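Alright, here's a single protein chain in two forms, structure 1 and structure 2, each given by itself as structure tokens.
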Structure 1
């Protein structure tokens, strides 16, 4: 190392190149590259020098390669490279460099961007977006992957949400990347899109205008859960928007697609599928009816019954939001009850957290108001739904809620028992 460090500091171009190649090779070890000793040798800032505008490209590639092996190490190791002010140089190399040079720069920039939110912003402010977006006009798959990966690292994060004026510039490229033949590329593009869709209406509408929604919906039935997961996450973030934005996703045909995801052997997919659906049933009466017409209630009721809690929780919201539209269209409630949602709802009370008990009690109450409403509409002397709940053992569970510490809950419980089971 002392010997190499010498060559590197030599003024002989040929000797500098000889040294950088060496530092690049040791930093390329698959085992445990002596990154820390290299940093301890103080040759980082020198290697950074070799990436300057007028250095020979071979020297630039070797130096960037070496620095990239370092920047892709631990966070500490990344800080060193960043502090040597390598980022601005990696970025100009994105414009100038050969494919090989570009592959190192984009990788290194991706690691800096994915290190933390402050580095994410640093990179964005160094204006990496322009040169990064130009990489997609190339035809090398591997280079496009890294680039897409780095792009997702720039879009990710919600405490400091990334500078939207900058990151939104990626939407057009992203809209094309989700048609990629490369699976890894597809995956990261969908993750990036989900990150951009994890924001206000402005963000969501932006994703809608570049016509990404329909492609996202087609990707829900991709053979791989690695593609399905981020695609669903993105769809889920989009339907969190307003009713108009959600209808866009619905006209793209997301409902029939969701029907398949509810059967996914992947628990988190069933979970986010129920989550997505609950943000659609949280919409207007016509959107709730659409969920009904797509035959999404039956599988939902089933999950409410057998899935893990984290999924049941989601199924409940979906069903409870659906029952909210029952005040208007009473037949929605009638349909929910027909699909056997009462038993699952009652049982849930026994294992749910307080927020879910509130949600579940809302659904049960809406169900009771309905059964009460057409009980009067007829000369009947019984509230069928109330009777339904009693049989399912729900009465006893609602009674038990009277001892819950939460005011909203126990008060909701007393009112229910008193009103329908007195």
Structure 2
């Protein structure tokens, strides 16, 4: 029915133009394998682009943008056809119309184009889409805001390369309000967008802090939906990869009790990134390590270090190891860590873990040994390590091919097990 659809689409009559356009939309609207290629091969894409022009019938603009939306929803080669037909400037132009139906269709299409690659993401930005897109969040229609939020997230997504910060940072005040939304779907993509923006340099992290986003993010960690918790925790986790001052902001927002709740999540990936987030907090100063302890975060971490899946165990190891670094300044930190039974789970990790985690682990063990040695000139810990079977593990680590694990395992054996 395609050669007749094509001729009908090229008719000078206006209502059969619409009739054919609708028909093209329906066949392109198939969840699995829409006939995008045969539609493209009909050569109708430029004609559909013409129908989005200013002062075309509103219904015709809607149907054409919808058809082009689904062509752009396909492969990159198929999306390229839409882009090469100069559809993007018209998509953006449609955002300025007064029809919420047309505007949501246009912003949906831009979501597919921007979500294709960093090239098309930046291309959409280059066509100055940010200003009309930000204006969409003042709409009376939840679905329009919902779709615009997803498209906005795609404009912030990607680190290779990152989007122009001077452009995407303009969306920060909007996103700051959007995480106070009642719509769950809006909440999800808004948090994803923030996680992308906060996935970068400390200058980017600071900007997120400056618009007072962290406080509401922490609240969203206890949201009923894991679809909200996941990007929220990711965003929070990204922020605490910054310096101690930036991390303290998240702490003051009450992230530590929230992280305690996430450590018992049924979803493993939430438990892992909870461990990851905590680890980048125990990577801070003595007072921040102490705050983690005071939030009763160590006992579930120890158990996860003992029992959880491997890639969760790694992050739990990071957290306890980073916390042990505060033992030189405050020996009670180590004394508490040992008291909570962290020595054996650390020791058992030496035979299974990767060379980076092995080093993480050896770092933790030596810190425990240093404190135990000092707590005599004022080795129980070395005795606990031997009985945990750890003295043997560390000795075996002297046959490790990597330089820094060898000499570290060597010095541990030489200093505390001579």
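Take the two forms, find the largest set of C-alpha atoms that superpose within 1.5 Å, and that set is the rigid core. Numbering follows the first chain given and starts at 1.
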Where C-alphas switch from fitting one rigid part better to fitting the other between the two structures, the hinge among 138, 362, 225, 94 is 94
Rounded to the whole degree, the smaller rigid unit turns between the two structures by 11
In Å, the rigid core superposition gives a C-alpha shift for residue 18 between the two structures of 4.2
When only the core is superposed, residue 334 shows a C-alpha shift between the two structures in angstrom of 0.7
Between-form comparison on the rigid core puts the Cα shift of residue 179 between the two structures, in Å, at 1.3
